[PDB]
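S.K.: Pasting a structure here, questions to come.
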Amino acid sequence: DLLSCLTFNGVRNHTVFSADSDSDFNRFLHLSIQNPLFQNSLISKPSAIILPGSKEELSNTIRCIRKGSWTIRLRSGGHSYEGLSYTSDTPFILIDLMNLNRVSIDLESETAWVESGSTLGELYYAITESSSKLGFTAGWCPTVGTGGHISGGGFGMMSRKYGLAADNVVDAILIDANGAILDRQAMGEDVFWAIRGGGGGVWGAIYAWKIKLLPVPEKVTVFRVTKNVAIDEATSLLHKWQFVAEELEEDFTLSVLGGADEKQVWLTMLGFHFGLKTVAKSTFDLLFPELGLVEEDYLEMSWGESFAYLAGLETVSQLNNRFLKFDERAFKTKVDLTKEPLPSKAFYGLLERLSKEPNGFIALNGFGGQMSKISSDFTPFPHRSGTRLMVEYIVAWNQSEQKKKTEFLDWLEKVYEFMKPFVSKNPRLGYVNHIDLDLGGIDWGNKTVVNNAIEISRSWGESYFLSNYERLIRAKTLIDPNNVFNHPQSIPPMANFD
Ligand SMILES: *[C@@H]1O[C@H](CO)[C@@H](O[C@@H]2O[C@H](CO)[C@@H](O[C@@H]3O[C@H](CO)[C@@H](O)[C@H](O[C@H]4O[C@H](CO)[C@@H](O)[C@H](O)[C@@H]4O[C@H]4O[C@H](CO)[C@@H](O)[C@H](O)[C@@H]4O[C@H]4O[C@H](CO)[C@@H](O)[C@H](O)[C@@H]4O)[C@@H]3O)[C@H](O)[C@H]2NC(C)=O)[C@H](O)[C@H]1NC(C)=O
Ligand SMILES: *Cc1cc2c(c(*)c1C)N[C@]1(NC(=O)NC1=O)C(=O)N2C[C@H](O)[C@H](O)[C@H](O)COP(=O)(O)OP(=O)(O)OC[C@H]1O[C@@H](n2cnc3c(N)ncnc32)[C@H](O)[C@@H]1O
Ligand SMILES: *[C@@H]1O[C@H](CO)[C@@H](O)[C@H](O)[C@H]1NC(C)=O
């Protein structure tokens, strides 16, 4: 009996299923559903939601759930593009980690222990409060949870300088399928490697991450400038952008958000420099004068301020608000990684397609810099040297546009097909933090599929992990041979014939 088990172990914060919009259950379920695509009444719902308040409670929660037949779901920030932290085709218990959001900074070692329910914003805020000369490399969305994000890699505006969040993890506490509480020494190097990018919801429950804090200057420079242009100019800008993104030294990042509506194209240029505005502007004046940036576009501020600003927040304080919703639209997104430069026609066609669907947008990031200096097998994220760009295609809509859902999905499908020739091939590469079920999924309830799970899974597995897929399967067998942590695209354990 689950409830008696939780009570016996003093895991007191839990609620059982109820449809009442008023119920604490429904409120907690919806609190961290960060893609409204998955909020409706016909979606699968948990039989109970448990909010463990310590590593011991998390351990005992897993143990209690194991006594029954339920599927475990872990949720940190709830940002799964495919809602995989709070949906399941089989009855399930949702372990919501929002109360495990403590950040402990050690300024003597310049490291931090970060409970896995902490959001990126909570982490950034904690760091800024402790020091004006330390930061951390992770994504730009402040409400993303560290649990999912670091488990999948974690790319952001400082990745060209410092790599992924997962590339800067030096220890972690993993709670395994039997509730065992394991640090790096206890879990071993294969498992410690797998958790640093091998995907959330696969290895066990991360309780906390120990991260290395990273130097930042007291003043950095950023800009966020939207150019309103026509398609010919936008194409010229994007085509040159891909090279500048690369010719820039690691102390600079220039990224782009873009979209259109008939004749009008908008390109939002996001810039970050590890340094002062005189140097930042001089560099873009020389390398990319076509951007037409002026002195007033460049803002000098602290690292903490810069991360709040790039996210469009009003204040650094807002980083610490995990429930602040800046964009409450349902969305679907796909992503590509490139190995060869994109021809101008690829950007032209992308822009033409965006002009026909104003609810669509693209997000463009260059790799290079430190991303090319990290070996493909340092952590499970393999897209290092030779990888040029990450290109994201997004379509998003509010509730008033819900009837157009299929139209938006059609547009996104067509955009991804259009880009096929220009982007990585054999296989077409992906990124596990941009999990995409279009690639397929495992029905763990189907014996025939399960027998063939490894090779069925190679489709998306090689896309996300390339040559690292094999070691991930070895690590999965080590830490979760009974496949307690599973989802449609989780790494399968090795075939066993005992
Ligand atoms: C399972 O987990 C969930 C998720 O964590 C739990 O739900 C959370 O429960 C929290 C309470 O335990 C609740 O926090 C509350 O959040 C509200 C905002 O919605 C916040 O205003 C509350 O903060 C007040 O109360 C706490 C003590 O509970 C104080 O520490 C705090 O200082 C606040 O009191 C002050 O402000 C109040 C007005 O807001 C005044 O009425 C009060 O007098 C006091 O004012 C004095 O101090 C002020 C500051 O110096 C000063 O300005 C003033 O003049 C006075 O001197 C409270 O923290 C969360 O909202 C809730 N989270 C969610 C998602 O629902 C849940 O309880 C758990 N369930 C179980 C079974 O354990
Ligand atoms: C919603 C959103 C997502 C992203 C971005 C912004 C916004 C608003 N921006 C990103 N773009 C970038 O270039 N960099 C960004 O950060 C982006 O990539 N992005 C997607 C997120 O990074 C990922 O979706 C990330 O995995 C989400 O993390 P989180 O909020 O924790 O997501 P969850 O749905 O709770 O979990 C994801 C998977 O991981 C498992 N999991 C959660 N917590 C776990 C712990 N503690 N241990 C083990 N596994 C855990 C979940 O079960 C789920 O499978
Ligand atoms: C199991 O999977 C196989 C392969 O996808 C499929 O042919 C079959 O219909 C499935 N069986 C069940 C019980 O759904």
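Numbering starts at 1 and runs along the chain as displayed.
Determined by X-ray crystallography, 1.6 Å, according to the entry header.
Note that Cβ sites are derived from N, Cα and C of the backbone, with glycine treated the same way.
In case it's useful when we look at the structure, here is the feature table from Swiss-Prot:
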DISULFID  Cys5-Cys64  disulfide bond
CARBOHYD  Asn13  N-linked glycosylation site
DOMAIN    42-216  domain 'FAD-binding PCMH-type'
CARBOHYD  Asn398  N-linked glycosylation site
CARBOHYD  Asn446  N-linked glycosylation site
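Provide an account of the burial state, proximal residues and distances for the features listed.
M.R.: Around the Cβ of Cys5 (disulfide bond), the number of neighbouring Cβ atoms within 10 Å comes to 17.
Its own atom aside, the Cβ of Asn13 (N-linked glycosylation site) has 17 Cβ atoms within 10 angstroms in the protein chains shown.
With a 10 A radius on its CB, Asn398 (N-linked glycosylation site) counts 12 other CB atoms from all the protein chains.
Just so you know, the Cβ of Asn446 (N-linked glycosylation site) picks up 11 other Cβ atoms within 10 Å once every protein chain is counted.
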S.K.: Check each residue in the chain of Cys64 (disulfide bond) that is at least six apart in sequence and keep those whose C-beta is under 8 Å from its C-beta; list them in sequence order.
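M.R.: Expected: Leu2, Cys5, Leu6, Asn9, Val11.
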S.K.: Within the set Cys5, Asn13, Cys64, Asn398, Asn446, which recorded positions show a CB-to-ligand 1 distance under 6 A?
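M.R.: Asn13, in sequence order.
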S.K.: Express the distance between the Cα positions of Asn446 (N-linked glycosylation site) and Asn13 (N-linked glycosylation site) as a whole number of Å.
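M.R.: Given the Cα positions, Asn446 (N-linked glycosylation site) is 34 Å from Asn13 (N-linked glycosylation site).
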S.K.: Check the DSSP secondary structure of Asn13 (N-linked glycosylation site), expressed as helix, strand or coil.
M.R.: coil
S.K.: Roughly how many Å lie between the Cα atoms of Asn13 (N-linked glycosylation site) and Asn398 (N-linked glycosylation site), rounded to a whole value?
M.R.: 33
